[PDB]
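**Q** Sharing a structure with you now.
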Amino acid sequence: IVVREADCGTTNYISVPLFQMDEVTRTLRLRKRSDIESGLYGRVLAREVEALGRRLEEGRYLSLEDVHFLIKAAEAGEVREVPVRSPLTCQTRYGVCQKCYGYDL
Amino acid sequence: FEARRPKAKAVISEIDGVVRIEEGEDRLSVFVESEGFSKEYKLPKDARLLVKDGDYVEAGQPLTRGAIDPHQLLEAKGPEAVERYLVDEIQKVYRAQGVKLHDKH
Ligand SMILES: [Zn+2]
C-alpha cells in the first residue's frame, strides 16, 4: 500500500457519528475528546457541511481546531454524522490516495 | 485482525423480522419471523438475549450478548457495518488500555 494517485476520483465515503450510546444507561452521549480527535484529525470531507453559520467546503482538510469546531457543532445539536473519505472507499488500486488518506501525522 | 470465530459467540438475525420468545423450560429459543419468512434460533437458557418479546429487529442485529462473528454479519448486514465493528472493537481495546491512535491505520 503506497500513495500513488493523489486523487483516485471516487465519490464514496463513510460517516462517523460523535455519539456512542451508553449501555444500561440508554441515553446517547458525545464521544469523549480523544476519541473524535482520533477519527477526524487529518481528514478530508467527502461532502459539504452546514451548521452554526460557518460552512465547510467539500475537500477541506481538518486540523485540531476543525475537529473541535465539529465537536461544538455536535454539542449544539446541529450535526451528528461526519462525511469523510476513508482509506476503504479509496479507488486507488494497489495503494491509496491523498484525499482518502489525510494529514501525514 | 484474523477474523477468527469468537469464543462467546452471539446470535444475529439474518433478516428484518419480528421477535418471538419461546421457552419450553429446555432450550430458550427465540424466533425471528418476517411477513413472508421465518426462522428460529436455538439458544441456551444461560446467555441472556438483548431483544424483548414482540420487538422489531434489523438485519444482522444482535439477539444475544457477546462478540459477533465477522463472516456471519458480513453475509448478513453488509461489508459496511463489517469494517465498522472490526475497527470499533480494535479501538475498543486500544483506547481502553489508554493508547490513542488514528483510525486510518
Ligand atoms: Zn483515494
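From first to last, the protein sequence lines are chains A and B.
Heads up, the first sequence is in PDB author numbering, so the first residue is 1105 and it goes up one at a time.
Heads up, the second sequence is in PDB author numbering, so the first residue is 1263 and it goes up one at a time.
Note that beta-carbon positions come from the ideal geometry of N, C-alpha and C, so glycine has one too.
(1) Give the interface partners of A:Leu1209 over in chain B, defined as CB-CB distance under 8 Å, in chain order.
(2) Using three-state DSSP, classify residue 1369 of chain B as helix, strand or coil.
(3) In angstroms with no decimal places, state the Cα-to-Cα distance between B:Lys1366 and A:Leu1192.
(4) Confirm the yes/no value for this check: CB of A:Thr1115, any heavy atom of ligand 1, distance under 7 Å.
(5) Relative to ligand 1, what is the chain-ordered list of residues with a Cβ closer than 5 Å to any of its non-hydrogen atoms?
(6) Starting from the C-beta of A:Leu1168, find all residues in its chain whose C-beta is less than 7 Å away, skip the five residues before and the five after it, and write them out in chain order.
(7) Could you name the residues of chain C that B:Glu1345 contacts, counting a contact when the two beta carbons are closer than 9 Å?
(8) Could you check if B:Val1355 is buried or exposed, using at least 16 other CB atoms within 10 Å of its CB as the buried criterion?
(9) Extract the residue ranges of the alpha helix (DSSP H) inside the region 1111-1167 of chain A, only unbroken runs of 4 or more that lie entirely within it.
(10) Could you name the residues of the region 1304-1320 of chain B whose beta carbon sits closer than 7 Å to any beta carbon of chain A, in the order they occur along the chain?
(11) Taking 7 Å as the limit between beta carbons, can you name the residues of its chain near residue 1434 of chain B, skipping five residues before and five after?
(12) In angstroms with no decimal places, state the Cα-to-Cα distance between A:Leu1160 and A:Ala1150.
(13) B:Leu1312 lies in the beta strand (DSSP E); which residues open and close that run?
(14) Any beta-carbon of chain B closer than 8 Å to the one on A:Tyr1145?
(15) In chain order, what residues of the same chain lie with their CB nearer than 6 Å to the CB of A:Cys1194, ignoring the 5 residues before and after it?
(16) If you compare alpha carbons, which of A:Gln1124, A:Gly1143 and A:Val1148 is closest to A:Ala1110?
(17) Is it right to say B:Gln1359 is buried, meaning 16 or more other beta carbons lie within 10 angstroms of its own, or is it exposed?
(18) Cβ of A:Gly1206 less than 8 Å from any chain B Cβ?
(19) Is residue 1372 of chain B close to chain A? Criterion is C-beta to C-beta, closer than 8 Å.
(20) Given a threshold of 16 other Cβ atoms within 10 Å of its Cβ, counted over all protein chains shown, does A:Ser1190 qualify as buried or as exposed?
(21) Quick one: which chain B residues come within Cβ less than 7 Å of A:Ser1138?
**A** Per the coordinate set shown:
(1) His1364
(2) Because chain B spans 1263 through 1367 in this model, residue 1369 of chain B falls outside it and cannot be assessed.
(3) 9 Å
(4) no
(5) A:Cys1112, A:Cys1194, A:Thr1196, A:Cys1201 and A:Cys1204
(6) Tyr1145
(7) No chain C is part of this structure, whose protein chains are labelled A and B.
(8) exposed
(9) 1137-1144
(10) none
(11) The displayed coordinates of chain B run from 1263 to 1367. Any statement about residue 1434 of chain B would go beyond what the structure contains.
(12) 11 Å
(13) Note, B:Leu1312: premise wrong, no beta strand (DSSP E); not H, not E.
(14) yes
(15) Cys1112, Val1200, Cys1201 and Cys1204
(16) A:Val1148
(17) exposed
(18) yes
(19) With chain B represented from 1263 up to 1367, any question about residue 1372 of chain B goes unanswered, as that position is not in the structure.
(20) buried
(21) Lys1362
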